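A.B. asks: sequence first, structure after; it's an experimental one.
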Amino acid sequence: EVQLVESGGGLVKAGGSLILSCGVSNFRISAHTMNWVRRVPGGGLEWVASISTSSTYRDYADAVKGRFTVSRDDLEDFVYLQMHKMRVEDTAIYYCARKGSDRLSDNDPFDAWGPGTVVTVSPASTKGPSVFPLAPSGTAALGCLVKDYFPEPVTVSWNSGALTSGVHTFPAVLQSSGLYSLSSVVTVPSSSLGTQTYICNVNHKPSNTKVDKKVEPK
Amino acid sequence: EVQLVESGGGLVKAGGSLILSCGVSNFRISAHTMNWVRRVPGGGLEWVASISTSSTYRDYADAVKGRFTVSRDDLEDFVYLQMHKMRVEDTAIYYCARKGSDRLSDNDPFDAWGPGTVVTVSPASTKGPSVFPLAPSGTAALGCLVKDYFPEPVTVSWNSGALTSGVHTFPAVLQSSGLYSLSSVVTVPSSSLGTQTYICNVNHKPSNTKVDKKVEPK
Amino acid sequence: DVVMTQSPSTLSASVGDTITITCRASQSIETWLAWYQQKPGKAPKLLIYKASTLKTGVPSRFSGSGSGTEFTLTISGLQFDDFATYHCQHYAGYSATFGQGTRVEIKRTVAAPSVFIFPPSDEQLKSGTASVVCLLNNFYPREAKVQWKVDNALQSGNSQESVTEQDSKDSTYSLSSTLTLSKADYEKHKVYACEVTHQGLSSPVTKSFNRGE
Amino acid sequence: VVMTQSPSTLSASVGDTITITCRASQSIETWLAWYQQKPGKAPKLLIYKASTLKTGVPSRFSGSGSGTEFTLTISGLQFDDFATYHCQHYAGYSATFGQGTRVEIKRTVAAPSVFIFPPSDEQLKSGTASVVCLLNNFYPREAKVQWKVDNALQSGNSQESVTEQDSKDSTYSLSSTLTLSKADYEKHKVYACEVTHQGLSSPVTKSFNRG
């Protein structure tokens, strides 16, 4: 028996990027042309890429040609597949199989395969923010809490740029959900809380989302 | 400027695997020893891997030695770093760095650096499920419902194996949370809903979190 | 360039049946075909490494043929082991292409789905998520369609389906579909229904419930 | 090889001449380099071979030393020079780094003004509670926030973020967010934030009662 061991596969977002790799055991890849194959949710096998012995010639299936790059390491026995700007239909199990035979030739089938690794390309390429008020309970503090937006960045202004003094817009934090969240605050005179209107202008160019939120006492 | 761009960052789980890569422009990589570096939580740097010209030598820091693997592919100008068995202390920004100078020598600093990509290793190596009843409305259907676990499998049986006819446990679905869900069901005579107490004895075998739930009419 | 025209897309049979399948190249090749088995979610296994040319270690029940344009695979009395997909491949020096695989399956008469709909448990709902489940408990053959309607509004994009492979005692397929909604959105509407069509049904079947009733 | 760097934080005024020291556990000859690192940025090389200034690095940066004692001198701190700095031993096919030094603008000690914010009703209706404790305009940068719910020390359910030094008053500000589901937040009443800081003779606590 001989073995191949795919790694790196998981959840992805459309127009995002991932890299797969395949290790091996009981054999050396330095003799073999190495191939990537996938099984789509529709159940059919698609060939994806190959790279020759001696790393000479790299070839691709026409759905991934130009978008993907195949790579190899003949010494530690690893193969790689960069997947730049993935499509929703790049969702598949991705297998790494060796072109091979007991005696090798200038043309053979795939005589050993690894168990395959799942890749899912979720269709949400950009997510637009939610915006929530940070309500002011001398000097008072108020703000806006931008949340659940992808990718960065978000820009925030206050009163269309007329209110700049005392404003702090914080660096975003990356949540364990894979989505970003930032807060923008401003300190102002407590006396102005009844008359002055405070509006934070949240712009998210990647989703083409604009939100104007008025922040007022509860 | 010299151009470097990392790819393949994002979230990972302890005991999990990832692959980074970096591609370049305005230079060919083949004349350079290439490196990976990270910025650990204290704002300090650590060096992570170096691969020489012609892939002659590969050296690693003790923290990642035997866990990780660097590779390079000069004919398309790419460098790769596999990260098997990631651990929470591998949470950092990662960068692809060129060893170099205005005039290259046998031993040099790192001159050109890519903008970096973030990697987060979340401690959720075995996230235990949430398990919920599917309540019966001549033949009735009942069941149990599993949500939000990693990795697979969650295993289910009815009344510790006393019930097997008409039992179905469905293939798991990968949610947009990046966690699995499934359901288990059984069909039984409607007359037995009053006398027989149906229960599901479950386990998330990775975390060995053993669960039970009685299923009865609402 | 070559495309493979494999036929049928699904073959129905049973234990001890001798079966034949056929791959037809869209333009001629020099007998460069090979054939694979694939069990669900597994790696394929090579059976025949050139047309009519069985790989060593492969069970003797397998066979095939090739004529430079038309080709076959044949199995000499199916085992319960053989009820998997089969793929033809044309392999060139630095590329390949495959047939849309012939799925081999255990035959029976047509059977319509028993449909059941489950509301979210109160215990799920208080956490803020509502998962509504539709179960097609047993049917044959595999191909069925389920659509969700909320307040008679055809839904789109908020459900995930999975099918269990053939049952060990009756060889039927089964489907479940999970409609996912946050607690907020779920409490916005009353009726939650699933509508089913299948080979055995003369009209669509709908199961529904009213939230809170 | 192992290295030590001192001081870990250096506070100085614009225009000052400052020195940052690196000590090697064993002789490394002149095989040491120096790096400037801004927040959120990859490190930039300043000096190598102990004293060799990189082409284009300003002349105010200099380095000296050999064997086990090395020094980086900045002669006339400009606003751009207030950054992280790191000594780095380099060898033919490897390297190692010291712990780094952070250079900041010096000002008087300023205690944080502390504020606690309960979760908004809107967010709370969605099922998540994010309380936010704010430490406003303090100096120096080291501050500690501990959350207590019904006098119970929290651990593992909060994240912190700190601003860079304010351009006008040279202070720092810090926000800490304790995140809990609606199911876990409604279990306990009081939510407190215990702050310690060089400017506080005893810890300061701000709290609220749920509801």
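C.D. replies: Received, thanks. Numbering: from 1, shown residues only, chains lettered A, B, ... in the order given.

A.B. asks: so the closest residue to residue A:32 other than its chain neighbours is in which element?
C.D. replies: Nearest residue to residue A:32, sequence neighbours excluded (CB to CB, 6 or more residues apart in numbering or on different chains): residue A:98, at 4.5 Å. Where you see a C-beta, it was placed from the backbone N, CA and C, and this is true even at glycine. Per DSSP states H and E, residue A:98 falls inside strand A:92-99.

A.B. asks: could you do residue C:116 as well?
C.D. replies: For residue C:116, the element it lies in under DSSP H and E is strand C:115-118.

A.B. asks: let me see the contact set for the residue in chain C that chain D sits nearest to.
C.D. replies: Distances between chain C and chain D by CB to the nearest CB are smallest at residue C:128, namely 3.6 Å. Going by CB atoms under 8 Å, 6 or more residues apart in numbering or on different chains, residue C:128 touches C:182, C:183, C:184, D:126, D:127, D:182.

A.B. asks: quick check: the gap between it and chain B.
C.D. replies: Using CB to the nearest CB, to the nearest Å, residue C:128 is found at 12 Å from chain B.

A.B. asks: got phi/psi on the residue nearest the centre of chain A?
C.D. replies: Centroid-nearest residue in chain A, with CA atoms, centre = their mean: residue A:16, separated by 4.0 Å. When read as degrees, to the nearest 10, the backbone of residue A:16 gives phi -80, psi 180.

A.B. asks: am I right that it is in contact with residue A:84?
C.D. replies: No: using CB atoms under 8 Å as the test, residue A:16 is too far from residue A:84 to be in contact (9.3 Å).

A.B. asks: can you list the strands that the helix or strand harbouring residue C:131 pairs with?
C.D. replies: Using DSSP H and E, residue C:131 maps to strand C:129-139. The pairing partners recorded for strand C:129-139 under DSSP bridges are strand C:115-118 (antiparallel), strand C:173-182 (antiparallel).

A.B. asks: and that strand, how far out from the chain's middle?
C.D. replies: Put simply, strand C:129-139 sits 18 Å off its chain's centre (CA atoms, centre = their mean, to the nearest Å).

A.B. asks: what residue is smack in the middle of chain C?
C.D. replies: residue C:142 (6.2 Å).

A.B. asks: show me what from chain A comes close to chain D.
C.D. replies: By the rule CB under 8 Å from any CB of the partner chain, the part of chain A lying against chain D is A:132, A:133, A:134, A:135, A:137, A:141, A:145, A:168, A:170, A:171, A:173, A:183.

A.B. asks: in contact with the nearest residue to the residue nearest to the centre of chain A once chain neighbours are set aside, which residues?
C.D. replies: The shortest distance from residue A:16 to any residue other than its chain neighbours is 6.3 Å, reached at residue A:86 (CB to CB, 6+ apart). Residue A:86 sits next to A:12, A:14, A:15, A:16, A:17, A:18, A:67, A:119, A:121 when contact means CB under 8 Å, 6+ apart.

A.B. asks: so of the residues you listed, which ones are in strands?
C.D. replies: Members of the contacts of residue A:86 lying in strands (criterion: DSSP state E): A:12, A:18, A:119, A:121.

A.B. asks: ok, which pair from these is furthest apart?
C.D. replies: A:18 and A:121 (8.7 Å; CB to CB).

A.B. asks: more neighbours: which of these two?
C.D. replies: For residue A:18 versus residue A:121, neighbours defined as other CB atoms under 10 Å in any protein chain shown are more numerous around residue A:18 (26 against 20).

A.B. asks: beta partners for the more buried one?
C.D. replies: residue A:83.

A.B. asks: can you map out the helices along chain C?
C.D. replies: Per DSSP state H, chain C carries helices over the ranges C:122-125, C:183-186.

A.B. asks: excluding chain neighbours, what is closest to residue 181?
C.D. replies: Reading this off chain A. With sequence-adjacent residues excluded and distances taken as CB to CB, 6+ apart, residue A:181 is closest to residue A:147, at 4.5 Å.

A.B. asks: nope, chain C
C.D. replies: Leaving aside its sequence neighbours, residue C:181 sits nearest to residue C:130 (CB to CB, 6+ apart; 4.6 Å).

A.B. asks: got a list of what the one you found touches?
C.D. replies: Going by CB under 8 Å, 6+ apart, residue C:130 touches C:120, C:124, C:180, C:181, C:182, C:183, C:185, C:186.

A.B. asks: shared neighbours of residue A:18 and residue A:121, anything?
C.D. replies: Residues touching both residue A:18 and residue A:121 (CB under 8 Å, 6+ apart): A:12, A:86.

A.B. asks: ok, now which ones touch residue 41?
C.D. replies: Picking chain A for this. A:91, A:92 are the contacts of residue A:41 under CB under 8 Å, 6+ apart.

A.B. asks: hmm, no, I was thinking of chain C.
C.D. replies: Shown in contact with residue C:41 (CB under 8 Å, 6+ apart): A:93, A:116.

A.B. asks: picking up where we left off before, who wins on neighbours among the contacts of residue C:130?
C.D. replies: Most surrounded of the contacts of residue C:130: other CB under 10 Å gives residue C:120, at 24 neighbours.

A.B. asks: quick one: that residue and residue C:178 touch, right?
C.D. replies: No: contact criterion CB under 8 Å: residue C:120 and residue C:178 do not qualify, at 10.3 Å.

A.B. asks: any residues in contact with both of the two?
C.D. replies: Contact criterion CB under 8 Å, 6+ apart; residues shared by residue C:120 and residue C:178: C:131, C:132.

A.B. asks: apart from its neighbours in sequence, what residue is nearest the residue in chain C that chain A sits nearest to?
C.D. replies: The nearest approach of chain C to chain A comes at residue C:43, 3.8 Å away (CB to the nearest CB). Nearest residue to residue C:43, sequence neighbours excluded (CB to CB, 6+ apart): residue A:113, at 3.8 Å.

A.B. asks: which parts of chain A sit against chain C?
C.D. replies: A:33, A:35, A:39, A:43-47, A:50, A:52, A:57, A:59, A:93, A:95, A:97, A:101, A:106-111, A:113-116.

A.B. asks: among these, which ones are buried?
C.D. replies: A:33, A:35, A:39, A:44-47, A:50, A:52, A:59, A:93, A:95, A:97, A:108-111, A:113-114, A:116 (16 or more other CB atoms under 10 Å in any protein chain shown).

A.B. asks: in strands, which of these fall?
C.D. replies: Those of these lying in strands (DSSP E): A:35, A:39, A:45-47, A:50, A:59, A:93, A:95, A:97, A:110-111, A:113.

A.B. asks: give me the neighbour count for the residue of chain C closest to chain A.
C.D. replies: 20.

A.B. asks: from residue C:121, how far off is it?
C.D. replies: The gap separating residue C:43 from residue C:121 is 38 Å, by CB to CB, to the nearest Å.

A.B. asks: please apply the same query to residue C:2.
C.D. replies: 53 Å.

A.B. asks: next, the buried residues of stretch C:110-126.
C.D. replies: Here stretch C:110-126 shows C:111-121, C:124-125 as buried, counting by 16+ other CB under 10 Å.

A.B. asks: quick one on the thing from earlier: tell me the phi and psi of the residue of chain C closest to chain A?
C.D. replies: Torsion angles, degrees, to the nearest 10, at residue C:43: phi -70, psi 140.

A.B. asks: burial count for the residue lying closest to residue C:75 once chain neighbours are set aside?
C.D. replies: Of all residues not flanking residue C:75 in the chain, residue C:19 sits nearest, at 5.2 Å (CB to CB, 6+ apart). Using other CB under 10 Å, residue C:19 is surrounded by 18 other residues.
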